[PDB]
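Right, one structure below, let's go through it.
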Amino acid sequence: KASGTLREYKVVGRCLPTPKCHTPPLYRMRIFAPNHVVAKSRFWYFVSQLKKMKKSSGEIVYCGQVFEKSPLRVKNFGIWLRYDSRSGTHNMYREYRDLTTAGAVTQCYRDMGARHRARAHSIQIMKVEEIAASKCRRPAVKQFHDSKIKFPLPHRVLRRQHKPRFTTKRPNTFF
Amino acid sequence: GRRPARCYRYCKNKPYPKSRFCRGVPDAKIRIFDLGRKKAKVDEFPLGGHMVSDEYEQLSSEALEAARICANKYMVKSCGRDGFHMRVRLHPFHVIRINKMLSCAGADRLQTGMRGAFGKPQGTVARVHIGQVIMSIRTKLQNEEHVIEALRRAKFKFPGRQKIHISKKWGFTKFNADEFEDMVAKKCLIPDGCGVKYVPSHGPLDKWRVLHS
Amino acid sequence: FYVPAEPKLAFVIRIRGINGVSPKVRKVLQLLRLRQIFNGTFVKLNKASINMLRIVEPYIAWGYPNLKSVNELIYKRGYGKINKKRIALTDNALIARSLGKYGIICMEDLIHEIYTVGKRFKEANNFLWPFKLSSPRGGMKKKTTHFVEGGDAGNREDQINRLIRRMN
Amino acid sequence: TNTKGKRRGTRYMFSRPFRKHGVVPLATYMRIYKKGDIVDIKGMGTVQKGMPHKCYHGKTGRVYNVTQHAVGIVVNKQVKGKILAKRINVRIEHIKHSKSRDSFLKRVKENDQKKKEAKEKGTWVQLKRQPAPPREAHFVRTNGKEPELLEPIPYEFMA
RNA sequence: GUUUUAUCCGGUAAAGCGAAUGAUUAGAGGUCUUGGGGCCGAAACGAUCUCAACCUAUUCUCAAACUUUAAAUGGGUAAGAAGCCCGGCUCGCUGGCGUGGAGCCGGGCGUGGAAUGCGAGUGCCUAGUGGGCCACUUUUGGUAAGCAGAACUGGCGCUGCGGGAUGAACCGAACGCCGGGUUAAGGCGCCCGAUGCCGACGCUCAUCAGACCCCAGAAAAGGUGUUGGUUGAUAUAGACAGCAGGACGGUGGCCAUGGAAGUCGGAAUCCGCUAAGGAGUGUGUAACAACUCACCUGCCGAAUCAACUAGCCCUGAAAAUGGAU
RNA sequence: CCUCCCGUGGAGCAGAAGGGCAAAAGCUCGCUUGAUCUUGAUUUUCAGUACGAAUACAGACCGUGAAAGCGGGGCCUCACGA
RNA sequence: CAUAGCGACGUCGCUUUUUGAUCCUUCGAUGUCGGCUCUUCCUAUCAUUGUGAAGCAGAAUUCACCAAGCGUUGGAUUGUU
RNA sequence: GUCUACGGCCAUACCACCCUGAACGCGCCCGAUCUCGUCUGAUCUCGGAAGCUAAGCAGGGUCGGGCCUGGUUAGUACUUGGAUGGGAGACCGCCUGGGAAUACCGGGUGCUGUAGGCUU
Ligand SMILES: [Mg+2]
Ligand SMILES: [Mg+2]
Ligand SMILES: [Mg+2]
Ligand SMILES: [Mg+2]
Ligand SMILES: [Mg+2]
Ligand SMILES: [Mg+2]
Ligand SMILES: [Mg+2]
Ligand SMILES: [Mg+2]
Ligand SMILES: [Mg+2]
Ligand SMILES: [Mg+2]
Ligand SMILES: [Mg+2]
Ligand SMILES: [Mg+2]
Ligand SMILES: [Mg+2]
Ligand SMILES: [Mg+2]
Ligand SMILES: [Mg+2]
Ligand SMILES: [Mg+2]
Ligand SMILES: [Mg+2]
Ligand SMILES: [Mg+2]
Ligand SMILES: [Mg+2]
Ligand SMILES: [Mg+2]
Ligand SMILES: [Mg+2]
Ligand SMILES: [Mg+2]
Ligand SMILES: [Mg+2]
Ligand SMILES: [Mg+2]
Ligand SMILES: [Mg+2]
Ligand SMILES: [Mg+2]
């Protein structure tokens, strides 16, 4: 599974009605996938892991995107996940700050790739939850819980290094 | 005169047991598989800790003997000679072969090279899978750190990567430790020696009424 | 929940070339009239056709065309197989002479028969020469892997229309 | 270096199934084999006479000749890049009637019945069996219940 | 060289050994015997104690030449007009029977009885070849081999072109002579076409850094380098770290002895004082002694400690002409 | 040696192994010579050549059994020669 | 007194200065051992320079580090290496 | 509701032990002149009808063993096809489809064809 900017999909599926259970149970998951096709594939992967279902013997009755109900509010996301390292499987709890849930999950995927070299096919996101600021455990997140937060931008590197490519004045980094 | 164990590390051949076709096999290095207080009852040693392989490979009999000796020495030093029971969980049933060459300054001397290359039995190794248990130690619940250290010291006698694991089972049995006490209480388990006998609720009622009596 | 009817029309595009193909994949691609890279063909969906598409899965990209995709394909690259020749569908008489016995006499009848899979879908589909589409403008993601793992092969459900827009 | 023995490699092929040794049940001898009917060659090893070769075990052919104890079967054998219809004499212990032919004749009889009945009552009916069509649209009710939310389980080493 | 729908075929992978055939670990319970024997049994082992053999129920570990069970992939057949259903005739075959079977002769049935694709059938003459090799996967011998030998498909040979700097086989793609557009695999500091994006998030400093399939170099084991993560513990009834005290009595506890007095060794862990203290974690004194630890206390006033785990980096890491992301 | 009971074959079937087999294919008796005279077809190796081996028939002459039947060598897979 | 100096049972590597294994190049030929002579290169360092450690009191010796700048000889026997 | 004779499938039918069995029947049972076989009229063969359901046999039972069939094990082990996926390797993860077997826990314990009897 590749990535991009992930979206949250509420995927609902069930077994096909058979003359043993005419109304099989409906099951629901939150899938974070680049698009709905990958969302359906990952839904089948997970419900095959959990229940004894297959894409052939079941159907998906709903696959819709879950829009964030407060994209204008900063909130703390705690993520429980498991992944396979080069020499085993580990359960992890990670914390992120973002406006959207899927944005925090994308942050998590990038961070796992950056720190643990974990490719996205190795990572299983098993719970995403908004947490209050007093329940945060990571100091990298807790240091933003200040109502009087204040910091400068110390060493602003020039990014327009080629417009102009040649000039007389040497750039300033203090602003 | 033994070859380095790197030459027979991987499970490259089919299993080659000592059978009526494979004759002339030298006896395995390891002959004893249980040490400590083997006669200890089930309730005496509740904690059980396994040492689990992480690679599909071959463990030689000499390696098992060395690891067993090391773990025995550390357990005797720490918990006393009667405070533990160890069980080596691998048996060297696979025979490795050697196509012996003359180690002199001559190839004309009937060396024949690779002609008739099928070798003769060198020794025996144990084939271990990923997730398979190599050694198990059961002891008092207060010697967990000593079991972990003894199994850690035995890991250095083996080629690949191994993990130490404290099982949820009671001792060497297959029943979970939390369920063990209340299963013995209602007589679903009957201790006998180092193991327990599961008593299913079916069969003649005579074997039921010899219990509860 | 309303579960829509499963799609009964698929547009299959062959995305890999003709070098080093296993015999079964090669035979199935011949049966799909996909003998060249970036060739397109409408496939009526059922158990047999779906299993055939499963056989050649790494070599094809397929999905469910909408009405606009069918219209663009038939109108821009629609060529008829008339007397075993590849004739451009420039006149309605070309359709009428070869398919009038089935009631298909114009471009619109052909497009309706292809879109809503009718009684005579086999004849109308075999009449169409397989669509010789260009290279996808903007490039592909990865032709060697599946769509659900970042590539281009396999069944993209309704994203085949984006590929069609970039393709012809 | 392989031998060319007639029964090489048939250690399990011609062996009897578990707890199915002993006397051959007599209804195998009571079957009626006409010319032209379809039989499956199996080859039980209890009866050593009239045995088929190992290359015909599991093959299916058409009976063309009937004798006292055996039948003549025309069976296709593939040799290099050609298929040739071999003719073999196999005792009836090693064959049985093919059920595919029985099902097909049943279908033909039922189709002729449908044709006659439909012509009598005028309404057209479908006879050509179709491949499994795509599932049509349908409504899946909840009956006032929330579908269960499933989450992948955390990892732990078991055994 | 395809699927689908029916219908058979199989014994590989797996699995099993509290199921057969072989291999094999350990205890448990019983009671016969040319088991040893067993202390007081000779006297009827008056007795009944151990270990054997044996049996029973369990228990650990296995099989290319074992197996109850048993896949995936796979092999065969069928999916009609040469069919179906009616009547009749022939037979020296068969025979209770106007029986069975086979053949033959008339007649009626087309919704042409799955999907997809394709035009097929047939004959003659015939060159070259009969040294092969390589790659994924399966697989035999061998420590291994750019070794030797098999299965399947593809390729090189017979093949040029884009990429892998370079390369018979790798990746893309197969080729008439050209123009425009677009791509594949692969790339976009400069060589050298293209990131001269105000690209996004992190990780990492190497006095041998690292840098892309095949592929052209590394392992076990370590790190108080840094970054995540798991589990557990301590703490305003004041943690942690520093600095300062007590660290006893019986008892220089018993058996060791030549001193071993807590510390050359064997067993057990007493009590009371309480602030605590092991009849001891180590240094050691010939021995004492003098030290230190674990344990508490004083000052110190907010968080702290431990064991693992895995990312990059470092150690492990040595060869010859000067040199190779 | 005799007797009873349990006994799925854990024995035997000439031999190597595998398959097969219990009022069997094994053991003991009785009678025999189908291990005989013939023509073709077929399978196995296969080039669908031969040898060898084998399967199913058909025509004689017989054996056995009350009979149904079985038998043209050995329960099957080797034991051979232009 | 495990680790000053060693290291059993095991187990992980490196080298191509041994001998094998293989047979890819060379059979219309690549002159096949040793010695002599001469140059350069490697370090897995014998000595020398600077060091760390010891069961380093001194002397002698042992282990290790940076390190190949410089040196590593004269003869009896043997075709010898 | 059953039995006898001949069977088909060949344990849901077998195995161990216990209980019951009305009427036919099947048997046990009596005997050795004849037929026929024996070391032995035990078996076999023949001729019977005093007694008995004790046995065979039939039916039922056993927290029975076995067998049959489910569930669990488990979408686990294994596996078709794919990638310039990871890893020094050994091997592992993912995509695409298929998918087992113990232990453990339930349920069941012959069905039936032809001919001929019995059962108020
Ligand atoms: Mg060596
Ligand atoms: Mg091998
Ligand atoms: Mg290619
Ligand atoms: Mg462009
Ligand atoms: Mg490829
Ligand atoms: Mg296996
Ligand atoms: Mg066994
Ligand atoms: Mg050759
Ligand atoms: Mg080779
Ligand atoms: Mg050539
Ligand atoms: Mg070619
Ligand atoms: Mg080429
Ligand atoms: Mg090139
Ligand atoms: Mg390169
Ligand atoms: Mg061009
Ligand atoms: Mg470049
Ligand atoms: Mg440029
Ligand atoms: Mg390094
Ligand atoms: Mg005859
Ligand atoms: Mg015979
Ligand atoms: Mg060669
Ligand atoms: Mg020359
Ligand atoms: Mg020269
Ligand atoms: Mg050095
Ligand atoms: Mg039972
Ligand atoms: Mg799979």
Side-chain angles (χ1 to χ4, degrees), chain A residues 48 52 84-86 90 92 110-111 114-117 119 121-122 159-160 162 165, chain B residues 3 5 7 10 14-15 17 21 33-34 38-39 55-57 62-63 66 69 87 89-91 93 99 101 103 105 107 113-114 117-118 157 159 192-195 197 201-205 208, chain C residues 17 19-20 22-24 27-28 30-31 46-49 51-52 54-55 57-58 134-137 139 143-146 148-149, chain D residues 4-7 11-12 14-15 18 25 27 38 40 45-46 48 50 53 57-60 67 70 87-89 98-101 103-104 108 111-112 115 124 127-131:
Chain A
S48 191
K52 198 171 284 293
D84 297 313
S85 77
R86 290 165 197 176
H90 321 271
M92 285 195 166
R110 308 275 178 269
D111 195 77
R115 285 185 209 280
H116 307 291
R117 264 75 197 183
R119 279 80 174 160
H121 65 83
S122 302
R159 305 318 307 183
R160 262 289 183 81
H162 294 275
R165 187 169 264 195
Chain B
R3 277 195 177 137
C7 317
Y10 299 144
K14 276 176 182 83
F21 318 102
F33 296 87
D34 291 332
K38 305 160 314 180
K39 300 177 143 52
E55 294 181 354
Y56 173 54
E57 52 172 345
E62 309 77 17
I69 281 150
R87 169 170 291 162
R89 298 291 298 274
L90 285 181
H91 291 72
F93 288 148
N99 183 26
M101 296 296 173
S103 72
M114 277 317 272
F118 193 85
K157 309 293 192 208
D192 47 15
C194 64
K197 261 190 204 146
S201 179
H202 66 264
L205 271 175
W208 175 87
Chain C
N19 311 91
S22 85
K24 201 186 284 275
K27 181 58 169 178
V28 180
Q30 290 160 357
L31 293 193
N46 47 24
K47 184 88 148 60
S49 65
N51 277 18
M52 293 176 70
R54 183 165 301 117
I55 289 168
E57 173 184 282
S134 167
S135 300
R137 185 188 53 250
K143 79 200 290 181
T144 57
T145 57
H146 201 276
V148 307
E149 57 186 4
Chain D
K4 301 184 186 301
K6 304 173 189 294
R7 279 179 68 147
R11 170 192 184 139
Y12 310 123
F14 291 160
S15 69
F18 184 59
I38 313 300
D40 305 321
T46 303
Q48 291 89 33
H53 199 247
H57 182 118
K59 309 289 171 263
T60 301
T67 50
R87 294 180 184 270
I88 56 173
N89 307 123
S98 179
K99 282 186 52 185
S100 53
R101 172 63 66 190
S103 178
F104 165 67
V108 172
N111 287 320
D112 285 358
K115 287 175 69 68
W124 184 67
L127 275 71
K128 295 181 177 64
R129 67 201 195 283
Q130 291 305 120

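Only heavy atoms go into these numbers, but all of them, side chains included; no hydrogens, no water, no symmetry mates. Note on naming: letters A, B, ... go to the chains in the order of the sequence lines (proteins, then strands), and numbering restarts at 1 for each one.
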message: Please tell me whether E:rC178 and E:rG301 form a Watson-Crick or G-U wobble pair, using a cut-off of 3.5 Å on both distances.
response: no
query: Any stacking for adjacent E:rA317 and E:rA318 under the 5.5 Å centre, 30° plane criterion?
result: no
message: Checking base pairs now: Watson-Crick or wobble, both atom distances under 3.5 Å. What partners E:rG95?
response: none
message: For a quick test of reading the model: is some side-chain N or O of D:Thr46 closer than 4.0 Å to OP1 or OP2 of F:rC21?
response: yes
query: Choosing from E:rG10, E:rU182, H:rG64, which nucleotide comes nearest the side chain of B:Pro204?
result: H:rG64
- prompt: E:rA65 base stacked by B:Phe21? Criteria: ring centres under 5.5 Å, plane angle under 30°.
  reply: yes
- request: Would you check if E:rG284 and E:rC240 are a Watson-Crick or G-U wobble pair, both distances kept under 3.5 Å?
  value: no
message: Whether G:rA57 and G:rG58 stack: are their six-membered ring centres under 5.5 Å apart and their planes inclined by less than 30°?
response: yes
- request: Provide the distance between the two P atoms, one in E:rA20 and one in E:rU67, to the nearest whole Å.
  value: 14 Å
field: Nucleotide nearest D:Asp40 when distance is taken to its side chain, options E:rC8, F:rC46, H:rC94
entry: E:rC8
message: For A:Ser85 and A:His90, which I'm curious about, is there any donor-acceptor pair between the side chains at under 3.5 Å?
response: yes
- prompt: For E:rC295, does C1'-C2'-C3'-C4' say north (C3'-endo side) or south (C2'-endo side)?
  reply: north
query: According to a 3.5 Å cut-off on both distances, are H:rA16 and H:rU62 Watson-Crick or G-U wobble paired?
result: yes
query: Centres under 5.5 Å and planes under 30° for the six-membered rings of F:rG48 and F:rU49?
result: no
- request: For H:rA74, take OP1 and OP2 only and decide whether either is under 4.0 Å from a side-chain N or O of A:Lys52.
  value: no
- prompt: For E:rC66, does either OP1 or OP2 sit under 4.0 Å from a side-chain N or O belonging to D:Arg11?
  reply: yes
query: Parallel under 30°, tilted from 30 to 60°, perpendicular over 60°: which one fits the rings of D:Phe14 and D:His57?
result: tilted
field: P gap between E:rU68 and H:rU84, integer Å
entry: 43 Å
task: Establish whether E:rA52 and E:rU33 are paired, applying the Watson-Crick or G-U wobble definition with both distances under 3.5 Å.
output: yes
field: G:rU39|G:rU40 base stack, centroid gap <5.5 Å, plane angle <30°
entry: yes
message: Donor-acceptor pair, distance only, cut-off 3.5 Å: does the side chain of C:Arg137 make one with the backbone of C:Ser135?
response: no
message: By nearest atom, which of the nucleotides F:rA56, H:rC63, G:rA21 is closest to the B:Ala107 side chain?
response: G:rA21
field: Identity of whatever pairs with E:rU90 - Watson-Crick or G-U, under 3.5 angstrom
entry: E:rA102
- prompt: Hey, is the main chain of C:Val148 close enough, under 3.5 Å, to the side chain of C:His146 for a donor-acceptor pair?
  reply: yes
task: Indicate whether OP1 or OP2 belonging to E:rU5 is found under 4.0 Å from a side-chain N or O atom of C:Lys47.
output: yes
message: Please report the distance separating the P of H:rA16 from the corresponding atom of H:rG56, rounded so that it comes out in whole Å.
response: 11 Å
message: So, OP1 or OP2 of E:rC60: does either fall under 4.0 Å of a side-chain N or O from B:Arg87?
response: no
query: Any side-chain N or O of D:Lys99 less than 4.0 Å from the OP1 or OP2 oxygen of E:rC8?
result: yes
message: Taking only the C1' atom of each, what is the distance from E:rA294 to E:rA247 in whole angstrom?
response: 9 Å
- prompt: Based on the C1'-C2'-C3'-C4' dihedral, does H:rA58 have a north or a south sugar?
  reply: north
query: Would one find a side-chain N or O of B:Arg3 under 4.0 angstrom from OP1 or OP2 of E:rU143?
result: yes
G-U wobble or Watson-Crick pair formed by E:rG37 and E:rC213 (both under 3.5 Å): no
task: Using a cut-off of 3.5 Å for both contacts, decide if H:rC36 and H:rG41 are a Watson-Crick or G-U pair.
output: yes
message: What I want to check is whether H:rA50 forms a Watson-Crick or wobble pair with H:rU73, both distances being under 3.5 Å.
response: no
query: Which of the following nucleotides, E:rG181, E:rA57, H:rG89, is nearest to the side chain of C:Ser134?
result: E:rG181
task: Could you give the distance separating E:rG18 and E:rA28 at their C1' atoms, to the nearest angstrom?
output: 15 Å
message: When the P atoms of E:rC62 and H:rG110 are compared, how many Å lie between them, rounded to an integer?
response: 42 Å
field: Stacking status for step E:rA237-E:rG238 (5.5 Å, 30° cutoffs)
entry: no
Watson-Crick or G-U counterpart of H:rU20, or none if no pair lies under 3.5 Å: H:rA58
message: Between F:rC13 and F:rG20, would you say there is a Watson-Crick or G-U pair if both relevant distances must stay under 3.5 Å?
response: yes
field: Atom P, compared across H:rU53 and H:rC10: separation rounded to whole Å
entry: 41 Å
Along RNA chain H (nearest heavy atom to each residue), the more 5'-positioned of C:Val148 and A:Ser85: A:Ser85
query: Which of these nucleotides, E:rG113, E:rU2, E:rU68, is closest to any side-chain atom of D:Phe18?
result: E:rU68
field: Nucleotide of E:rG80, H:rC94, E:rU3 approaching A:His121 most closely (side-chain heavy atoms)
entry: H:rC94
P gap between E:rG252 and E:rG278, integer Å: 14 Å
query: Under a 3.5 Å limit on both distances, do E:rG132 and E:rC312 form a Watson-Crick or G-U wobble pair?
result: no
query: Between D:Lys4 and F:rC78, does any side-chain N or O lie under 4.0 Å from OP1 or OP2?
result: no
Closest listed nucleotide, where the reference is the side chain of A:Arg117 and the choices are H:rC9, G:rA21, E:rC203: E:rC203
message: If I read the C1'-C2'-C3'-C4' torsion for E:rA14, does it come out on the north side (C3'-endo) or the south side (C2'-endo)?
response: north
field: Sign-based sugar class (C1'-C2'-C3'-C4') of F:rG48
entry: south
query: Is any side-chain N or O of C:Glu149 under 3.5 Å from a base N or O of H:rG85, one able to act as donor and the other as acceptor?
result: no
- prompt: If you take atom types as modelled and just measure distance, does the side chain of B:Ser201 reach the base of H:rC63 with a donor-acceptor pair under 3.5 Å?
  reply: yes
- prompt: Does the E:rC293 / E:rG238 combination count as a Watson-Crick or G-U wobble pair, both distances under 3.5 Å?
  reply: no
query: Does D:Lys128 put a side-chain nitrogen or oxygen below 4.0 Å from OP1 or OP2 of E:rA79?
result: no
- prompt: Where does the sugar of E:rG80 land, north (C3'-endo side) or south (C2'-endo side), based on the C1'-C2'-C3'-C4' torsion?
  reply: south
query: Any side-chain N or O of A:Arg159 less than 4.0 Å from the OP1 or OP2 oxygen of E:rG199?
result: yes
statement: Relative to its sugar, using the 90° cut-off around 0, the base of G:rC56 is syn
